[PDB]
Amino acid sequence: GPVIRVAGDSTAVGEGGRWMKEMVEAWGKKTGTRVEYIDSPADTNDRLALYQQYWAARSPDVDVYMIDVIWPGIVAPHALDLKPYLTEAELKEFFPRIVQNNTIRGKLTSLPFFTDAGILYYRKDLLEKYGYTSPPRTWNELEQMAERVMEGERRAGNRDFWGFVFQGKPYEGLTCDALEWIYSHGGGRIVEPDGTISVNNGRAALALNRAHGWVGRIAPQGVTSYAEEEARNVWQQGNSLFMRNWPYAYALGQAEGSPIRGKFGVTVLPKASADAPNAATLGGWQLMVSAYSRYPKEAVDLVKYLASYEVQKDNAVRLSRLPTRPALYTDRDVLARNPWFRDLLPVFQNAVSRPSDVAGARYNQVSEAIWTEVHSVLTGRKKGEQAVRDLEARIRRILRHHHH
């Protein structure tokens, strides 16, 4: 019979790819369908380029793709419209904001699988040791805490110890970190939903200069090459007070044998001042049936399975990844494992989106401009004021003649 082939999450990021292959195998065993799992690179932008090779070729060699929240506007021609396959009631079981995101010119491109939001991870043992009772609410507090704890831990002999790790590599993860910096300083959304390119302002420039100030001081010099996992590995070894990352890091840090098991909490990222908005960049992944799949019915069945209550439950409980079904946030087992899902649900609901809706199919070009200009501030090549001016100009060229 058919072999249903899935290009799914990466085995290079935590347990995601191992787990996803397990889920696909479980579906194949349940239904008596042969399956194959095709692995992917760690970084989202590398995955997009890989999958574009298959799409350009109209390739039947992958049936189901796991796609980023920022992709529907790019990938829609390559997606089978799922709308006819779901009842209205079935679709309403997902958060409507994500279903809207996944719907392009009426085409339901993909089902919501897991959501994501940037959060602050903090070592609670170390805050207590150094006389702090709460995690930082402002970026200045984060810097002050990081300086004090670093000084102490270095003096105590840990030469590997840093105050803060984050994603500073030039890739899509930096666009996520940078949107959080800019929005949390009152600097806007880089490109507003209305199309206004707003990033050339003093608040956005300040946010970027602040981030530069961390590099080689409270964050490692090498943070300019860090993606999710490079940040996570410094943190997980016990060598960072703070980390910015996504929810998946939580289950991994609690695993038996983790040096930091039981020693951390999570909270919203800090902001410049009490009247700035909280920033948590919206992330998350969706499930797309290929327009080029020879087996649409089987592929849809697999996608509905992976997006189901019990598979999302398993993702929440085992991998601390955020469901796209509101019902799961009241499930007793989800909440007993991850109590912080309730504490931060409003942070996740208020997450700030990258400008993928307004940039549509040009989003990847926009994002490459963002991360390259931000990276130039981090590396010290440019100051934030010049970088936001230069980024404004770049994005203006990219979006010229694009209407949404």
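Heads up: residue numbers just count along the shown sequence, starting at 1.
- Averaged over their C-alpha atoms, the temperature factors of 369-377 and 340-348 are higher for 340-348.
- Judged by mean Cα B factor in the deposited record, 256-264 ranks above the other of 256-264 and 203-211.
- Residue set 40, 44, 33, 53: peak C-alpha B-factor at 33 (per PDB entry).
- Highest CA B-factor among the listed residues (324, 184, 237, 225): 237.
- In the deposited entry, the Cα temperature factor of residue 127 places it in the highest third of its chain's modelled residues.
- Per the deposited record, the Cα B-factor of residue 26 falls in the highest third when ranked against the other modelled residues of its chain.
- Among all modelled residues in this chain, the alpha-carbon of residue 333 has a temperature factor (C-alpha) in the middle third.
- Ranked within its chain, residue 246 lands in the lowest third, by CA B factor from the PDB record.
- Compared with the other modelled residues of the chain, the Cα B-factor recorded for residue 139 ranks in the middle third.
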